[PDB]
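Read the structure below first, then the notes.
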Amino acid sequence: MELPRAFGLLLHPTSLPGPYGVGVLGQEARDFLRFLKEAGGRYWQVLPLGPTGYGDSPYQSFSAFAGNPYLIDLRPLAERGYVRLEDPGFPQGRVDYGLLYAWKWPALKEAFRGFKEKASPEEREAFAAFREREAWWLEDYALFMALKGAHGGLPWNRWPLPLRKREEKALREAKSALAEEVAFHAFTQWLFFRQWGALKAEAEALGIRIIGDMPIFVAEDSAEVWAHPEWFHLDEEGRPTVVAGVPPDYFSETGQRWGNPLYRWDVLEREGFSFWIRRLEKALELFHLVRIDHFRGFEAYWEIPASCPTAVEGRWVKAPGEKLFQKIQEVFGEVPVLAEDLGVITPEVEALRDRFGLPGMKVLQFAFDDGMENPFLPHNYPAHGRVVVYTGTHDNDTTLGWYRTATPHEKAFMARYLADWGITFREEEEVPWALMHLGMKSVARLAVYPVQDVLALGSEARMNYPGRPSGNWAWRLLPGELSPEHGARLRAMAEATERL
């Protein structure tokens with residue numbers, strides 16, 4: 001496609017500076033959008049914005065279409081006499097999903113009740129409208145959550161069979177009993193998409209394109225799976241017959257067992273890939289470009305026997321990527337998908353990605369563990385520039401925290417390379433800008449860099465650490481940490497490297 005040479009930033013809403021312990025679709029986002037713009041930024045990259053259960057990871061969401069309530073801006077509701085906002089005393093620059101979970105949610109069921117009372121037939125109708133429009137996915141979700149909650153936060157595939165196997169009466173009577181809890185989660189979803197819809201235009205106004213992200217494999221315990229057991233490899237108990245993951249390597253002798261459920265592509269294909277089409281449909285509604293973690297999963301996927309604790313007994317299975325994207329392109333005329341093809345990827349994948357002109361990924365933090373042959377090296381990127389360069393993604397340590405743990409060879413081989421590209425640094429705190437700058441000088445059309453580096457923060461500011469049992473997705477931004485200085489400094493490069 002056509003991704004005009006430019007630079008963007010990676011800042012998940014949660015990391016937005018804001019009162020009450022978390023980032024929200026509030027104006028501070030608009031401030032950032034103003035910052036981005038000022039700094040000459042044309043793109044903004046965020047992680048999946050779906051609801052999050054334990055772990056608080058945006059990739060193991062309860063819904064493939066639902067938005068994360070946490071990211072909702074509460075004050076605009078308190079500004080209409082809906083809910084009185086307290087504050088158990090949230091920490092600075094770090095999300096406390098424990099606190100937030102126990103506070104937000106309650107403070108939410110409050111705003112809702114504060115709505116049905118003081119709400120206006122303009123807000124009552126608007127909300128109702130959102131309900132008729134987003135029916136297909138919403139109904140299932142609101143019921144999924146309402147039930148999930150009613151059943152002591154238990155996975156759907158453990159609820160009484162009548163409900164698990166989604167029976168008529170069960171689903172009717174349950175809905176009737178929680179008619180209010182259903183109206184609630186919907187009300188949450190409404191507020192979310194509503195504010196994000198505006199936040200979108202705020203970005204569309206400030207000449208900005210937002211980049212969304214979505215995991216190829218859904219989450220086992222999610223509305224979608226529950227609602228549609230037919231599409232996933234699941235036994236009559238709901239539990240996945242097989243799970244997702246990757247094969248063993250020089251790193252993981254055992255491999256990886258993500259546990260995610262696998263798609264019955266045979267069925268999806270028969271149904272015209274209605275799940276994805278519907279899925280990308282929502283995507284294009286929220287963002288201008290959306291990425292798909294683990295892209296190779298479209299060419300072929302590693303099938304792991306649920307019963308196995310590891311990924312050893314796995315096997316490769318071919319998936320209809322060629323067909324899927326033919327449908328996507330015929331439905332949208334375009335295929336605005338950012339391919340997440342890091343890690344080892346076979347040519348059949350490369351062919352697919354390239355057959356639809358899908359931009360790939362390029363992370364610098366990996367470009368120095370070997371020789372100049374390193375694919376993550378600027379001089380090894382494709383000419384078409386249809387690739388995106390990241391100093392380091394969300395699943396990576398901050399570049400600073402990286403340079404502080406990188407092997408000696410890398411640290412040196414780097415400065416040795418940065419020089420070859422007219423780039424040189426002194427302090428280590430400057431290294432984040434070194435590679436950043438380097439990323440721009442590349443042929444790469446887009447150069448999205450995470451806010452953690454723009455500020456040059458240590459490992460402490462690391463977003464997610466694959467393997468670590470917590471503290472992930474916890475990092476946030478402090479008031480004014482993103483000063484004009486930083487902006488003008490980035491804009492400098494943007495112009496200097498003709499990205500503006």
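Residue numbering restarts at 1 for every chain of the structure tokens, chains are lettered A, B, ... in their displayed order, and ligands are numbered from 1 as they appear.
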
For the structure I just gave you, how does DSSP split range 123-165 of chain A - specifically, which residues are helix (DSSP H, G or I)? Reply as JSON, numbers by chain.
{"A": [123, 124, 125, 126, 127, 128, 129, 130, 131, 132, 133, 135, 136, 137, 138, 139, 140, 141, 142, 143, 144, 145, 146, 147, 148, 149, 150, 156, 157, 158, 161, 162, 163, 164]}

Compile the contact shell of range 134-145 of chain A as a PDB file with N, CA and C atoms, in the first residue's frame: residues with an atom at most 6 Å away, counting only C-alpha atoms, same-chain residues fewer than 4 positions apart removed.
ATOM      1  N   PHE A 130     -26.220   2.876  19.933  1.00  0.00           N
ATOM      2  CA  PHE A 130     -24.985   2.106  19.980  1.00  0.00           C
ATOM      3  C   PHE A 130     -25.296   0.637  20.212  1.00  0.00           C
ATOM      4  N   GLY A 149     -19.342 -12.540  35.644  1.00  0.00           N
ATOM      5  CA  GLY A 149     -19.370 -11.927  36.958  1.00  0.00           C
ATOM      6  C   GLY A 149     -20.305 -12.656  37.907  1.00  0.00           C
ATOM      7  N   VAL A 182     -26.442  -6.440  32.116  1.00  0.00           N
ATOM      8  CA  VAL A 182     -26.237  -6.478  30.675  1.00  0.00           C
ATOM      9  C   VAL A 182     -26.190  -5.031  30.206  1.00  0.00           C
ATOM     10  N   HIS A 185     -22.495  -3.401  31.191  1.00  0.00           N
ATOM     11  CA  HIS A 185     -21.345  -3.633  30.328  1.00  0.00           C
ATOM     12  C   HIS A 185     -21.537  -2.960  28.972  1.00  0.00           C
ATOM     13  N   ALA A 186     -22.780  -2.884  28.513  1.00  0.00           N
ATOM     14  CA  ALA A 186     -23.048  -2.224  27.245  1.00  0.00           C
ATOM     15  C   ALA A 186     -22.727  -0.744  27.454  1.00  0.00           C
ATOM     16  N   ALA A 223     -15.897 -13.875  25.159  1.00  0.00           N
ATOM     17  CA  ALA A 223     -17.272 -13.912  24.674  1.00  0.00           C
ATOM     18  C   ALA A 223     -17.357 -14.635  23.339  1.00  0.00           C
TER      19      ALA A 223
END

Which residues in range 310-480 of chain A does DSSP call strand (DSSP E or B)? List them as a ChimeraX atom specification.
/A:315-318,337-339,360-363,387-390,446-450,475

Could those selected residues go to a file with N, CA, C and O atoms, as a PDB file, in the first residue's frame?
ATOM      1  N   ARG A 315       2.779 -29.603  16.148  1.00  0.00           N
ATOM      2  CA  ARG A 315       2.872 -29.919  14.727  1.00  0.00           C
ATOM      3  C   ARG A 315       2.436 -28.691  13.942  1.00  0.00           C
ATOM      4  O   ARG A 315       1.638 -27.894  14.429  1.00  0.00           O
ATOM      5  N   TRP A 316       2.959 -28.532  12.732  1.00  0.00           N
ATOM      6  CA  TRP A 316       2.584 -27.389  11.911  1.00  0.00           C
ATOM      7  C   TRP A 316       1.318 -27.670  11.115  1.00  0.00           C
ATOM      8  O   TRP A 316       1.111 -28.779  10.629  1.00  0.00           O
ATOM      9  N   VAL A 317       0.470 -26.658  10.988  1.00  0.00           N
ATOM     10  CA  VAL A 317      -0.776 -26.798  10.253  1.00  0.00           C
ATOM     11  C   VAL A 317      -0.936 -25.603   9.321  1.00  0.00           C
ATOM     12  O   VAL A 317      -0.756 -24.463   9.737  1.00  0.00           O
ATOM     13  N   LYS A 318      -1.265 -25.867   8.062  1.00  0.00           N
ATOM     14  CA  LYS A 318      -1.434 -24.794   7.086  1.00  0.00           C
ATOM     15  C   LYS A 318      -2.787 -24.098   7.204  1.00  0.00           C
ATOM     16  O   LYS A 318      -3.832 -24.749   7.258  1.00  0.00           O
ATOM     17  N   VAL A 337      -3.317  -3.891   6.937  1.00  0.00           N
ATOM     18  CA  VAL A 337      -2.804  -4.713   8.018  1.00  0.00           C
ATOM     19  C   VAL A 337      -1.296  -4.575   8.156  1.00  0.00           C
ATOM     20  O   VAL A 337      -0.558  -4.701   7.176  1.00  0.00           O
ATOM     21  N   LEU A 338      -0.847  -4.292   9.374  1.00  0.00           N
ATOM     22  CA  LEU A 338       0.578  -4.191   9.644  1.00  0.00           C
ATOM     23  C   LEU A 338       0.943  -5.583  10.112  1.00  0.00           C
ATOM     24  O   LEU A 338       0.445  -6.051  11.136  1.00  0.00           O
ATOM     25  N   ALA A 339       1.798  -6.255   9.354  1.00  0.00           N
ATOM     26  CA  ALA A 339       2.196  -7.609   9.702  1.00  0.00           C
ATOM     27  C   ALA A 339       3.280  -7.658  10.766  1.00  0.00           C
ATOM     28  O   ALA A 339       4.312  -7.001  10.648  1.00  0.00           O
ATOM     29  N   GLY A 360       5.971  -5.010   6.986  1.00  0.00           N
ATOM     30  CA  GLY A 360       6.442  -5.893   8.037  1.00  0.00           C
ATOM     31  C   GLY A 360       7.018  -5.131   9.214  1.00  0.00           C
ATOM     32  O   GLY A 360       6.788  -3.931   9.363  1.00  0.00           O
ATOM     33  N   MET A 361       7.778  -5.827  10.053  1.00  0.00           N
ATOM     34  CA  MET A 361       8.367  -5.197  11.224  1.00  0.00           C
ATOM     35  C   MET A 361       9.883  -5.277  11.261  1.00  0.00           C
ATOM     36  O   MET A 361      10.485  -6.211  10.735  1.00  0.00           O
ATOM     37  N   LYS A 362      10.490  -4.287  11.903  1.00  0.00           N
ATOM     38  CA  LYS A 362      11.936  -4.218  12.029  1.00  0.00           C
ATOM     39  C   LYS A 362      12.297  -3.616  13.381  1.00  0.00           C
ATOM     40  O   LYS A 362      12.073  -2.431  13.622  1.00  0.00           O
ATOM     41  N   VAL A 363      12.851  -4.443  14.261  1.00  0.00           N
ATOM     42  CA  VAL A 363      13.250  -3.995  15.589  1.00  0.00           C
ATOM     43  C   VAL A 363      14.768  -3.869  15.635  1.00  0.00           C
ATOM     44  O   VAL A 363      15.482  -4.797  15.261  1.00  0.00           O
ATOM     45  N   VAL A 387       7.836  -1.534   5.390  1.00  0.00           N
ATOM     46  CA  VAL A 387       8.225  -2.160   6.651  1.00  0.00           C
ATOM     47  C   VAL A 387       8.270  -1.079   7.727  1.00  0.00           C
ATOM     48  O   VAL A 387       8.500   0.093   7.429  1.00  0.00           O
ATOM     49  N   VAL A 388       8.053  -1.473   8.978  1.00  0.00           N
ATOM     50  CA  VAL A 388       8.066  -0.519  10.081  1.00  0.00           C
ATOM     51  C   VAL A 388       9.221  -0.788  11.034  1.00  0.00           C
ATOM     52  O   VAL A 388       9.439  -1.919  11.464  1.00  0.00           O
ATOM     53  N   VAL A 389       9.957   0.264  11.365  1.00  0.00           N
ATOM     54  CA  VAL A 389      11.090   0.132  12.265  1.00  0.00           C
ATOM     55  C   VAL A 389      10.752   0.581  13.683  1.00  0.00           C
ATOM     56  O   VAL A 389      10.262   1.690  13.904  1.00  0.00           O
ATOM     57  N   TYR A 390      11.005  -0.306  14.637  1.00  0.00           N
ATOM     58  CA  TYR A 390      10.763  -0.018  16.040  1.00  0.00           C
ATOM     59  C   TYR A 390      12.102  -0.104  16.757  1.00  0.00           C
ATOM     60  O   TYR A 390      12.913  -0.987  16.472  1.00  0.00           O
ATOM     61  N   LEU A 446       7.695   3.797   7.790  1.00  0.00           N
ATOM     62  CA  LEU A 446       7.277   4.216   9.125  1.00  0.00           C
ATOM     63  C   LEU A 446       8.310   3.888  10.190  1.00  0.00           C
ATOM     64  O   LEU A 446       8.948   2.838  10.158  1.00  0.00           O
ATOM     65  N   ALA A 447       8.452   4.803  11.141  1.00  0.00           N
ATOM     66  CA  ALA A 447       9.388   4.644  12.241  1.00  0.00           C
ATOM     67  C   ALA A 447       8.666   4.957  13.543  1.00  0.00           C
ATOM     68  O   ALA A 447       8.741   6.071  14.060  1.00  0.00           O
ATOM     69  N   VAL A 448       7.951   3.966  14.062  1.00  0.00           N
ATOM     70  CA  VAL A 448       7.215   4.126  15.306  1.00  0.00           C
ATOM     71  C   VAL A 448       8.117   3.804  16.488  1.00  0.00           C
ATOM     72  O   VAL A 448       8.669   2.710  16.579  1.00  0.00           O
ATOM     73  N   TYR A 449       8.265   4.766  17.391  1.00  0.00           N
ATOM     74  CA  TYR A 449       9.111   4.588  18.564  1.00  0.00           C
ATOM     75  C   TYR A 449       8.286   4.752  19.837  1.00  0.00           C
ATOM     76  O   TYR A 449       7.461   5.660  19.935  1.00  0.00           O
ATOM     77  N   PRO A 450       8.497   3.865  20.828  1.00  0.00           N
ATOM     78  CA  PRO A 450       7.780   3.899  22.107  1.00  0.00           C
ATOM     79  C   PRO A 450       8.174   5.095  22.960  1.00  0.00           C
ATOM     80  O   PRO A 450       9.321   5.525  22.937  1.00  0.00           O
ATOM     81  N   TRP A 475       3.380   0.329  33.558  1.00  0.00           N
ATOM     82  CA  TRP A 475       3.986   1.643  33.332  1.00  0.00           C
ATOM     83  C   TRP A 475       3.018   2.713  32.830  1.00  0.00           C
ATOM     84  O   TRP A 475       2.087   2.428  32.074  1.00  0.00           O
TER      85      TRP A 475
END

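CA of residue 335 in chain A to CA of residue 284 in chain A spans 9.9 Å [interatomic distance, one decimal].
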
Extract, using only C-alpha atoms, all DNA, RNA and protein residues at most 8 Å from range 255-265 of chain A, discarding same-chain residues fewer than 3 positions from it, and format them as a PyMOL selection string.
chain A and resi 217-220+230-234+240+242-249+251-252+268-269+303-304+306+309-312+319-320

Name the residues in contact with range 408-410 of chain A at a cut-off of 8 Å, using only C-alpha atoms, excluding same-chain residues fewer than 5 positions from it; report them as number ranges by chain.
A: 368-370

So that I have them on file, write out the residues from the current selection with N, CA and C atoms, as a compact mmCIF listing (two decimals), in the first residue's frame.
# COMPACT_ATOMS: atom_id res chain seq x y z
N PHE A 368 21.91 -6.20 16.51
CA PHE A 368 23.33 -6.23 16.84
C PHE A 368 23.86 -7.50 17.49
N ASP A 369 23.05 -8.54 17.55
CA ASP A 369 23.50 -9.78 18.17
C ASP A 369 24.35 -10.65 17.24
N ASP A 370 24.54 -10.22 16.00
CA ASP A 370 25.34 -11.00 15.06
C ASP A 370 26.15 -10.15 14.09

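Candidate residues A:42, A:323, A:34, A:288 were compared for distance to residue 211 in chain A, and the nearest is A:288, using only C-alpha atoms.
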
Which residues, written as a count of residues only, have at least one atom at most 9 Å from range 89-105 of chain A, with only C-alpha atoms counted and residues fewer than 6 positions away on the same chain left out?
24

Neighbouring residues of residue 351 in chain A were defined as those with any atom within 10 Å, considering only C-alpha atoms; residues of the same chain fewer than 5 positions away were excluded. Please report them as number ranges by chain.
A: 299, 322, 346, 356-357

Please list as a PyMOL selection string every residue within 7 Å of residue 111 in chain A, counting only C-alpha atoms and excluding residues in the same chain fewer than 4 positions away.
chain A and resi 77+82-83+107+115

Suppose we keep N, CA, C and O atoms; can you now write the selection as a CSV table (one decimal), in the first residue's frame?
chain,number,residue,atom,x,y,z
A,77,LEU,N,-18.2,12.0,33.2
A,77,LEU,CA,-19.5,11.5,33.7
A,77,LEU,C,-19.7,12.1,35.1
A,77,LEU,O,-20.9,12.4,35.4
A,82,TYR,N,-23.0,12.1,37.6
A,82,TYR,CA,-23.3,10.6,37.4
A,82,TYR,C,-22.6,9.8,38.5
A,82,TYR,O,-23.3,8.9,39.1
A,83,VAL,N,-21.4,10.2,38.8
A,83,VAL,CA,-20.7,9.4,39.9
A,83,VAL,C,-19.6,10.3,40.5
A,83,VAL,O,-19.0,11.1,39.9
A,107,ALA,N,-17.0,2.3,40.8
A,107,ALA,CA,-17.2,3.7,40.3
A,107,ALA,C,-17.9,3.7,39.0
A,107,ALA,O,-18.3,4.8,38.5
A,115,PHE,N,-26.5,7.4,35.5
A,115,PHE,CA,-27.0,7.7,34.1
A,115,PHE,C,-28.5,7.5,34.0
A,115,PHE,O,-29.2,8.5,33.7

In Å to one decimal, how far is CA of residue 225 in chain A from CA of residue 333 in chain A?
28.1 Å

Nearest to residue 384 in chain A among A:444, A:500, A:64, A:171, with distances taken over only C-alpha atoms: which residue is it?
A:444

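Across the structure, CA of residue 2 in chain A and CA of residue 66 in chain A are spaced 29.2 Å apart.
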